[PDB]
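The deposited numbering numbers the first residue of the sequence shown as 24 and each following residue consecutively. The beta carbon of each residue, even a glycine, is placed where N, CA and C say it ideally should be.
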Amino acid sequence: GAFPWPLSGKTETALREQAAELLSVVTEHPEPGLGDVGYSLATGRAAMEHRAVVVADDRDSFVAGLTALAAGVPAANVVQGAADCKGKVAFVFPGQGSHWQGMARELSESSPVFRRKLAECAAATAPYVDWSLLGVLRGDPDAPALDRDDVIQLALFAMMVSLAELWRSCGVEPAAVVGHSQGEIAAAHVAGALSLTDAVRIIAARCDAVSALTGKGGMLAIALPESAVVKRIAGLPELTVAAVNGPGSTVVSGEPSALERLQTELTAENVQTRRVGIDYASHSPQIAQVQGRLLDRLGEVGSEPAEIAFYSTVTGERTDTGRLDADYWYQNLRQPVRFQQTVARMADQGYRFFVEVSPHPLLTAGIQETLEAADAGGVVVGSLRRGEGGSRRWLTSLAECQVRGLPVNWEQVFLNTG
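Next comes the structure, spelled out in structure tokens:
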């Protein structure tokens, strides 16, 4: 839990503002209200080209940050920035692996917006599942445990869609969405292409189909450019490139034993790997043994043209929502995800502010390396982290954006943040 105290001005002027602030907040008993201060700092005092945001929950900790701002030193609880970044806004929606117990538990208390979309998502899922999504999202011991795909995929969907809604209600409005694997479904929902129910149905379908492939496959993320990985797996047809998450980030789908040996090899060559939290070989040839159950259970899928842009990690280009028939959805699940390629395009197209709506950052590095490999720096923030899913981590994400020039609706920020 935390409170955002926004401060702004040209250089030195900030140092001043904080200094003056310490004249009243520290005491001037009546000691000023912590939330009452932030709202003022935000409502009053405009917003200039040298910015900073003191994220904390106790008067002591604020004073610390203010003290440091005035002195012209860095502090942890203070996010500083230049506000010199003018590019387009995108929401990134990654896959599984973001999940953790009660991702939703904190932010649900603090934010009405978040809790609402979570409720919507739950209603949507009710007809298709024999368990309580809200219970999972809250960590009810008597509920499923994010150890099964249906539970994971539906929970992550809820989370991402709900974190997206928060970002928006607080004034961060996406000019485009880019999704990765199952994230495309959430991306769609958010762009207006898919409906809550249709998205949910697509997730339930996907999960039925793959139930066969369960434990027969997995995925491994590898800190090597595609080239290297390709050259390591050329003679290994039971492993396949599943994603190019960046110029030095690559995922591989295949049989367990294979993955294990490759990881062994790669751990020995001091290449950093991490096995992915997926129990099947998504974006691999094994996804074709289930094209039927899916294309059958999915049936008709209604996609609508979208108010937001939708860059497909399938194609690698802005796609017309409404072309997202059941085929697109079997393709989503069967095709390498070409993330780097999609982002590279979005960048050349202006997008330079990328927000990852995610219970934990999965693609933040890749976005950065890609943008920095196109001499096109931008702002790349996540939302929550594992074990850190309340206001402080979120407000920090928002802050890192604001400091770099993103507009914001503090009113709504303050509300949902409390």
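With DSSP collapsed to three states, give me the class of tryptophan 154. Residue numbering aside, residue 154 sits at position 131 when the sequence shown is read from its first letter. DSSP, read as helix, strand or coil, puts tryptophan 154 in coil.
Would you mind sorting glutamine 363 into buried or exposed? The rule is 16 or more other CB atoms within 10 Å of its CB. The residue labelled residue 363 in the question sits at position 340 within the sequence shown. Per the 10 Å Cβ criterion, buried.
Beta-carbon spacing of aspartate 165, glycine 238 below 7 Å: As a working note, residue 165 is residue 142 in the sequence shown. As a working note, residue 238 is residue 215 in the sequence shown. Not closer than 7 Å, so no.
Nearest residue (CA-CA) to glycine 345, options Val253, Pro359, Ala214: The sequence position of residue 345 within the sequence shown is 322, counting from 1. Taking only the C-alpha atoms, the option nearest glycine 345 is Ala214.
Buried or exposed: which applies to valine 380, given that a residue is buried once 16 or more other Cβ atoms fall within 10 Å of its Cβ? Reading the sequence shown from its first residue, position 357 is the one you call residue 380. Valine 380 should be labelled buried.
Please name the residue or residues paired with residue 489 in a DSSP beta bridge. As displayed, the chain neither begins before 24 nor continues past 441, which places residue 489 out of reach and without an answer.
Whether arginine 427 touches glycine 104 by CB criterion (7 Å): If you number the sequence shown from 1, residue 427 lands on position 404. If you number the sequence shown from 1, residue 104 lands on position 81. Against a cut-off of 7 Å, the Cβ pair of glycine 104 and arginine 427 comes out as a contact.
Inside the segment 340-422 only - beta strand (DSSP E) runs reaching at least 3 residues: 374-379, 402-404
Just to confirm, are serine 276 and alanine 265 a CB contact at a threshold of 7 Å? As a first step, residue 276 is located in the sequence shown; it is residue number 253 there, counting from the start. As a first step, residue 265 is located in the sequence shown; it is residue number 242 there, counting from the start. For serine 276 and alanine 265, yes; Cβs fall inside 7 Å.
Tell me which residues share the same chain as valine 60 and place their Cβ nearer than 7 Å to its Cβ, disregarding the 5 neighbours each side in the sequence. The sequence position of residue 60 within the sequence shown is 37, counting from 1. For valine 60, where only same-chain residues beyond five positions count, the Cβ hits under 7 Å are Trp28, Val48.
CA nearest to the CA of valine 267, picked from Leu285, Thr393, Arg68: Start at 1 with the first residue of the sequence shown, and residue 267 comes out as number 244. With distances taken between CA atoms, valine 267 lies nearest to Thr393 out of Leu285, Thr393, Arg68.
Cβ pair count under 8 Å reaching 3, the segment 160-179 against the segment 91-101: no
Determine the direct distance from the alpha carbon of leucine 89 to that of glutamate 44, and round the result to whole angstroms. Residue mapping note: residue 44 aligns to position 21 of the sequence shown, counting from 1. Residue mapping note: residue 89 aligns to position 66 of the sequence shown, counting from 1. Looking at the two C-alpha atoms, the distance is approximately 8 Å.
Contact between the segment 307-322 and the segment 185-195 (3+ Cβ pairs under 8 Å): no
So, helix, strand or coil for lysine 111, using DSSP? Reading the sequence shown from its first residue, position 88 is the one you call residue 111. Here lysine 111 sits in strand by DSSP.
List the residues that DSSP assigns as beta-bridge partners of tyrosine 62. As a position in the sequence shown, residue 62 is number 39, starting the count at 1. According to DSSP, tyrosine 62 bridges with nothing at all.
Between the C-alpha atoms of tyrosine 62 and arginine 224, what's the straight-line distance to the nearest angstrom? For the purposes of this step, residue 62 is identified with residue 39 of the sequence shown, where counting begins at 1. For the purposes of this step, residue 224 is identified with residue 201 of the sequence shown, where counting begins at 1. So the alpha carbons of these two residues sit roughly 41 Å apart.
If you measure between the beta carbons of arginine 408 and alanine 25, is that distance less than 7 Å? Walking along the sequence shown from the start, residue 408 turns up at place 385. Walking along the sequence shown from the start, residue 25 turns up at place 2. No, Cβ-Cβ distance for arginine 408 and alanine 25 is not below 7 Å.
Give me the Cα-Cα distance between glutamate 249 and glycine 271, rounded to the nearest whole angstrom. Taking the first residue of the sequence shown as 1, we reach residue 249 at position 226. Taking the first residue of the sequence shown as 1, we reach residue 271 at position 248. Straight-line Cα distance between these residues: approximately 7 Å.
Among the candidates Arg82, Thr419, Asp343, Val324, whose CA atom is the shortest distance from the CA of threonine 220? Here residue 220 corresponds to residue number 197 of the sequence shown, with the count starting at 1. Of the listed residues, the one whose Cα sits closest to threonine 220 is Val324.
Per DSSP, what are the beta-bridge partners of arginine 74 in this structure? Along the sequence shown, read from residue 1 onward, the residue named residue 74 stands at position 51. Answer is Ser31, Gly104, bridged to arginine 74.
Looking only at its chain, what residues have a beta carbon closer than 7 Å to the beta carbon of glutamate 327, apart from the 5 residues adjacent to it on each side? Here the question's residue 327 lines up with position 304 in the sequence shown. If the five residues before and after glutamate 327 are omitted, its C-beta is found closer than 7 Å to the C-beta atoms of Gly215, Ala216, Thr344, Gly345, all from its own chain and listed in chain order.
Alpha carbon to alpha carbon, what distance is there between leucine 169 and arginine 128? As a working mapping, residue 128 is identified with position 105 in the sequence shown. As a working mapping, residue 169 is identified with position 146 in the sequence shown. A direct Cα-Cα distance of roughly 14 Å separates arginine 128 from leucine 169.
Beta-carbon within less than 7 Å of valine 233's beta-carbon, same chain only, minus the 5 sequence neighbours each way: which residues are those? Start at 1 with the first residue of the sequence shown, and residue 233 comes out as number 210. Here the set comprises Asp172, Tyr303, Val313.
With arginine 298 as the anchor, note down where its alpha helix (DSSP H) starts and where it stops. As a position in the sequence shown, residue 298 is number 275, starting the count at 1. If you look at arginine 298, you'll find it isn't in any alpha helix (DSSP H); it sits in the beta strand (DSSP E) that goes 296-298.
Name the residue from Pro117, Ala99, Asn432 whose alpha carbon lies nearest to the alpha carbon of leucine 385. Numbered from 1 along the sequence shown, position 362 holds the residue referred to as residue 385. Of the candidates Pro117, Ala99, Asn432, the one whose C-alpha sits nearest the C-alpha of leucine 385 is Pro117.
For the alpha helix (DSSP H) containing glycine 88, list its first residue and its last residue. For the purposes of this step, residue 88 is identified with residue 65 of the sequence shown, where counting begins at 1. Counted as a single uninterrupted DSSP element, the alpha helix (DSSP H) harbouring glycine 88 occupies residues 82-94.
Buried versus exposed call for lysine 33 [16 or more other C-beta atoms within 10 Å across all chains shown]: For the purposes of this step, residue 33 is identified with residue 10 of the sequence shown, where counting begins at 1. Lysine 33 is exposed by the Cβ-count criterion.
Would you please state the rounded distance, in angstroms, between the beta carbons of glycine 240 and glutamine 309? I believe it to be under 8 Å. Here residue 240 is taken as the residue at index 217 of the sequence shown, counted from 1. Here residue 309 is taken as the residue at index 286 of the sequence shown, counted from 1. Confirmed, Cβ separation roughly 5 Å.
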